[PDB]
Amino acid sequence: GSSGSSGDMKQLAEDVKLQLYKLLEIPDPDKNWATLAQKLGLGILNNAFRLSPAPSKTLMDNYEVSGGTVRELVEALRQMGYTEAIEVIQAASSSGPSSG
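### Brief notes about the overall build of the protein
Per the secondary structure count, the protein includes 6 helices and 0 strands. For the protein, the N- to C-terminal ordering of α and β elements is α-α-α-α-α-α. Relative to a compact globule of 100 residues, whose C-alpha radius of gyration would be 13 Å, the protein shows 13 Å and is just as compact. Across its three principal directions, the C-alpha atoms of the protein cover 40 × 35 × 25 Å. Long-range pairs, those at least 24 residues apart, make up 57% of the contacts in the protein with a sequence separation of at least 6. Carbon together with sulfur atoms contributes 45% to the accessible area of the protein, which is approximately 6,400 Å² in total. On the protein, the mean spot of the 9 positive side-chain charges and the mean spot of the 12 negative ones are 2 Å from each other.

Structural data, given as structure tokens:
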């Protein structure tokens, strides 16, 4: 039990998320912003981002407003097939097992 909804995205630097937009920007079947939306939990607002000029930019912007956790952003990337997207977050998250 024990309810929990705070989010740990505030810690993530702008420069860190900035790169995430360049990755999702890739119109691939397993590397698109829309694909990440489903993994994270924004499939309902998928059409909304599609209308925006930068869906990938609106995703993180809309996902952050509703909390936004790094544990989900890192896992969602591995579930699809991202490598750099995970290195950008882990690079800022800490510096132990992997860095850069």
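### Quick look at the packing of helix 2 (residues 33-40) against helix 4 (residues 55-65)
Helix 4 packs onto helix 2 with a crossing angle of 20 degrees between their chain directions and a minimal axis gap of 9 Å. Regarding the angle of helix 2 to helix 4, the classification is roughly parallel. When you trace helix 2 past helix 4, the crossing you get is left-handed. Contact residues: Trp33, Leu36, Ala37 and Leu40 in helix 2; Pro55, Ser56, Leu59, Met60 and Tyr63 in helix 4. Of the residues assigned to the contact of helix 2 with helix 4, the class counts are 8 nonpolar, 1 polar and no charged.

### Regarding the environment of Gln79
Tracing the sequence through the fold places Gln79 in helix 5 (residues 70-80). Take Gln79: its relative accessible area is 55%, and that puts it in the exposed class. Taking the C-alpha atoms as reference points, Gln79 and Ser95, 16 residues apart in sequence, are found 23 Å from one another.

### A few points about the pattern of salt bridges
Throughout the structure, instances matching the rule amount to 1 salt bridge. Note that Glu64 is salt-bridged to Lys17, the shortest N-O span being 3.3 Å. Taken together, the residues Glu64 in helix 4 and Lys17 in helix 1 (residues 14-24) connect sequence positions 47 residues apart.

Quick notes on the rules
- Residues numbered from 1 in each chain as written, not as in the entry; some residues may be left out.
- Heavy atoms only, no water.
- Helix = DSSP H or I, 4+ residues; strand = E, 2+ residues; numbered from the N terminus.
- Rg over C-alpha atoms; globule rule 2.2 N^0.38 Å.
- Contact = heavy atoms within 4.5 Å.
- Areas by Shrake-Rupley, 256 points an atom, 1.4 Å probe, with all protein chains shown as cover.
- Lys, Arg positive; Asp, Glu negative; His and termini not counted.
- Charge placed at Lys NZ, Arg CZ, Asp CG, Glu CD.
- Axes fitted to C-alpha atoms, helices over the stretch in contact; angles between N-to-C directions.
- Parallel < 35°, antiparallel > 145°, perpendicular 65-115°, else oblique.
- Left-handed = near helix turned anticlockwise from the far one by under 90°.
- Nonpolar A, V, L, I, M, F, W, Y, C, P; charged D, E, K, R; others polar.
- Buried < 20%, exposed > 50% of the residue type's maximum accessible area, 1.4 Å probe, protein only.
- Salt bridge = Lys/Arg side-chain N within 4 Å of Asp/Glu carboxyl O.

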